[PDB]
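>>> this one's sequence-less:
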RNA sequence: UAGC
Ligand SMILES: Nc1nc2c(ncn2[C@@H]2O[C@H](COP(=O)(O)OP(=O)(O)OP(=O)(O)O)C[C@H]2O)c(=O)[nH]1
Ligand SMILES: Nc1ccn([C@@H]2O[C@H](COP(=O)(O)OP(=O)(O)OP(=O)(O)O)C[C@H]2O)c(=O)n1
Ligand SMILES: [Mn+2]
Ligand SMILES: [Mn+2]
């Protein structure tokens, strides 16, 4: 550690709260990090005096593996294939030797890549060589699934931990987290690597580079080492940052060692990934004595996902685990994978927890962070053959006699059918009828929005489309000479802009390009990038599904972020006396096929949409005539609407299937088109469509099937009390059945058990394998709940992992900084120990803040000041002589965050500056007699501040674009969007109108006329950048670093004029004995105190924020939040109604609607969150789990604590000020470590009137 | 070639 201490000494102290932070120390540490060689990190690791408790037997078979050759073969189709040994799954990268297939590197002599000799032979066609290349390429691919070299994460850990225990400001004592000599993962990482390198000077087992991956030329290396080491690094860091229990951590190291020990690391990891969850989470409290769980009320209407805390629910034996015991299967699983030692130890400990509290949920949490975090990987060929193969087993087919004759491509489900499809057809027909009945549906704007949905900078199988068209002799414009990426649906849009639907129809049957996705703890999944025509024709399906989800069921449309997965619902569902069944349908996409679902859905839509769409086109598609054979004998032609014409063509595609074109870059010679009946995932229908069928079938069960298949009085009662509108929440193939409890306690376990079994049997009837889980736990959208307590699953957020499906290289340097920051926020949302996490993050950041730059022998260095990270969100540990750890990780981001920490130590800063020579005669309103201008330039605070706001990736704009083709393109884009003359006309009105009532007031008028321009830029920025464009980006960051400044942003200089008074601590909003999120307990002071004082966010953030906008959606390309800002800004700038009416017309609204909304906007009382956008203030993501709405409303007093002040009074017409002011008060409160306090407006320098004009100036100047 |  002397090697680490000597080199990072001062820095270590600055991030441990012993000494102040400063850019000089920081940048020097950065330079030290940059000059540490890989092998030096292993040397540093050797200096560590590991304890015996940190050691465990390392399996010798981890080093001696067979040849890859016996693990592959060539099939009847000549494609290289993985040869199965452990079962159908055994398709991943096998654990084998690899050195025998390498050629030493020219320079890094001890490292090697795949023999170029082997590849050429493979490219020739040699079977043995192909096998070898494939294994070589996939093994490498498995190794690329990480953010950067493992040594950087390790080094930062060394630096951070060299600081020793941290003193808690609140608890007023040092934490007791074991030091590194007790870190078992680290010991393994060192020993495993040392054993491989052996007598070699190079200590790294492999090198993660740009030129690819290189293996250390040791006969001891294995294709399983990269995954293994990556797993150990994650555990190593968490044992120190999440305060994980070391005894548990060793259990996780064992599974991993067993994984590398097996014949296929990934396969093994996959087959055992439920060990920790099963022997802890899903087995808690078989016995229960005490503890408290939340008591929540689900407000009406349940669709709002809005809840209210009502105190605590005392627990007792009355609530012990009633769900079936998983013991048997659990022990079996352990026995089958040689892990019965671990499974047993876990069962033993789980039984010792007889009280529900912080301690026990922390144990579950700790247990679950130990699961491997690797992104499983296998060759494309295999994913495609394993995912587009299985077909649903419809145990009860829809009788052939139940269909009418054809009506084009569809057949009507006779209403005489006794098939369960009867009800599936009803829901969709009904929905379709109501959707097409809506006036909005026929509005030129809505149809424009729809048509813009799939016009994105993403792929759409462009090549296959261009050739399907060529087959009918139709050539698309090539826009030869444009600097935009051609494989964008945006490019596609332009090529089709001026072509009749009848000419592009054939494209609906074009092939589909390959697209893949690797996931943590899951198998890779293939994706279907549908083309514009295919997406167009899919509309009716998508809209009818949306109509169902919005009006007929209880469903969520969530993303991937924890902030949007409705946490409140899980707390409710899992709190006794409530119970929940976690439903999931396995092989969902393979389950939605023509034979049952699609052939019925198409018919339903096509018929329920008939009368309202009659005699009308839709989204570009024309009406037409189709052959009719419904009735027997009677065979005529039928006039169908454009909307119907879509279903007509879509039905044709759903019937034929999809031609998945597989170009496997990992398996030489594996080129082939595979036809599959699996449902498309890249379809705009996918998600919404699966959510609708889900709830529809559940409705049919509870309402029809169920009741008809059982006379059990209780099961019938339980069922009757369940409605899909109140008790069943779902998204996609995920379902959460919430059985509310009574005063008599919870519903009988045996009656629930009976119910479930009927659901299972019910699904076999239409080819759906329900994966039902009834274990006392609530699990929805990978969010884990128990007794009202949310259990973060850390294993799913690998600190070093990163998905990399394609062979393409990682993004140039700067890019990694955004990834590092994301790692930090995860740690916040996941509840890691705040001080330990913040310190490590500073280590990690410093370690990635410097990059070597080239300009042609002009070897300089790019360096981000420590201040840039603050701008990005990382809280300061100690600065300007302040006390240590006064800043919380809930500190806002950007300007709002800068204002907050600076406001919290204004005096401190001023005093410090003066005491160091930065004195002046001019008294600053904010910093008194401090020479802040000279100070902030010298500390690189201004520099860091501005550098933070610069693009972290190369810009492609500015590439030479021959004006003429440049105009042809944006024209086609325009035509696509401006298909319907009525819409264009709407915008032209908005324009001439704008020139009379709005032009001049603001300068950001959003307009549909901009979209074509934004679309072009998007297609541009999607293209690969040049080394030149890369040099330009550096120069930019480096120019801002040289430049010196005299102020911050106009907005921030305004916030600084506002002073506050921090007061008495708030009272608890929830019981302090109440577990809400494992990890957030009295051992994690700041996160905890904030949780208790501020309160948890009990409403769905998606539903909440949807209430802060006048318009939900707009044409893709424009920003709903932008539009909201312009309208409110015009109003604040005193613009006339007519002016707002003009803006709305420029974005697509019909005058009637425009004038109505404009008039409505004018008189509304806009809420804090919505109003604060006029000045670009946004609720920090980190705050999303807290009740920020209460804070704004009841704990940020704008009335000075001691009465009215002249400066504090708010001018009549400047009420909007109060909203901006609220964000500033909360910003300081949330940034201050400890309990939320009540902050009181103390002062506004030039007064509120001056402040308002100041903000108005910024407003009217945006975009000039 | 890399989707919603
Ligand atoms: N349409 C669509 N749905 C997605 C996507 N990613 C996830 N989902 C949906 O949300 C669900 C949760 O998926 P996961 O893949 O577990 O993502 P995650 O939510 O980020 O998991 P984590 O807990 O580790 O943060 C599965 C699926 O129905 C995506 O890219 N597109
Ligand atoms: N990047 C992703 C990931 C998932 N999905 C969609 O999510 C849906 C179901 O989610 P999973 O449960 O994750 O997929 P399954 O195929 O059902 O997994 P398996 O039975 O193990 O659960 C189907 C799939 O198309 C998607 O469109 N895009
Ligand atoms: Mn599933
Ligand atoms: Mn699912």
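Structure's in. What do you need? Residues are numbered from 1 along each chain as shown, chains lettered A, B, ... in the order given. Ligands and ions are numbered 1, 2, ... in the order given.

>>> dump the residue contacts of residue A:992.
Applying Cβ atoms under 8 Å, 6 or more residues apart in numbering, we find residue A:992 in contact with no residue. For every residue, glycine as well, the C-beta is placed using N, CA and C.

>>> mind checking the backbone torsions on it?
phi -50, psi -30 (degrees, to the nearest 10).

>>> Verify the stated contact: residue A:1175 with residue A:1051.
Yes - with contacts counted by Cβ atoms under 8 Å, residue A:1175 reaches residue A:1051, the gap being 6.2 Å.

>>> When the two are compared, which one has more neighbours?
residue A:1175 (25 against 19; other Cβ atoms under 10 Å).

>>> circling back to that earlier point, anything in contact with each of residue A:1175 and residue A:1051?
In contact with both residue A:1175 and residue A:1051: A:1255, A:1258, using Cβ under 8 Å, 6+ apart.

>>> tell me the domain ranges of chain A?
A:1-379, A:380-889, A:890-1264 (curated CATH domains).

>>> What's the end-to-end length of the longest one?
Distance between the boundary residues of domain A:380-889 (Cα to Cα, to the nearest Å) amounts to 41 Å.

>>> What backbone torsions are found at the closest residue to ligand 1 within the stretch 451-600 of chain A?
For the stretch 451-600 of chain A and ligand 1, the shortest gap (Cβ to the nearest ligand atom) falls at residue A:560, measuring 3.6 Å. Here is the backbone geometry of residue A:560 (degrees, to the nearest 10): phi -130, psi -20.

>>> Any idea how many residues pack against it?
Residue A:560: 8 neighbours (other Cβ under 10 Å).

>>> What separation is there between it and residue A:797?
Distance of residue A:560 to residue A:797, computed by Cβ to Cβ, to the nearest Å: 11 Å.

>>> can you tell me the helix or strand for residue A:648?
helix A:642-656 (DSSP states H and E).

>>> and residue A:115, how many neighbours?
By other Cβ under 10 Å, the burial measure for residue A:115, its neighbour count, is 17.

>>> Disregarding flanking residues, what is the spatial nearest neighbour of it?
residue A:103 (4.7 Å; Cβ to Cβ, 6 or more residues apart in numbering).

>>> Confirm that neighbour sits in a strand?
Yes - the assignment for residue A:103 by DSSP: H, G, I helix; E, B strand; the rest coil puts it in a strand.

>>> who touches it in this structure?
A:112, A:113, A:114, A:115, A:116, A:117.

>>> make it 7 Å
A:112, A:113, A:115, A:116 (Cβ atoms under 7 Å, 6 or more residues apart in numbering).

>>> now, which of those lie within strands?
A:112, A:113 (DSSP state E).

>>> where does chain A come near RNA strand B, residue by residue?
A:453-454, A:456, A:458-463, A:486-487, A:489, A:513-517, A:527-530, A:535, A:663, A:681-684, A:686-687, A:805-806, A:808 (Cβ under 7 Å from any atom of the strand).

>>> So how do I select the buried members of these in PyMOL?
Filtering the residues of chain A next to RNA strand B down to the buried ones (16 or more other Cβ atoms under 10 Å) takes a single PyMOL command:
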select buried, chain A and resi 454+456+459+460+461+462+486+487+489+513+514+515+516+527+528+529+530+535+681+682+683+684+686+687+805
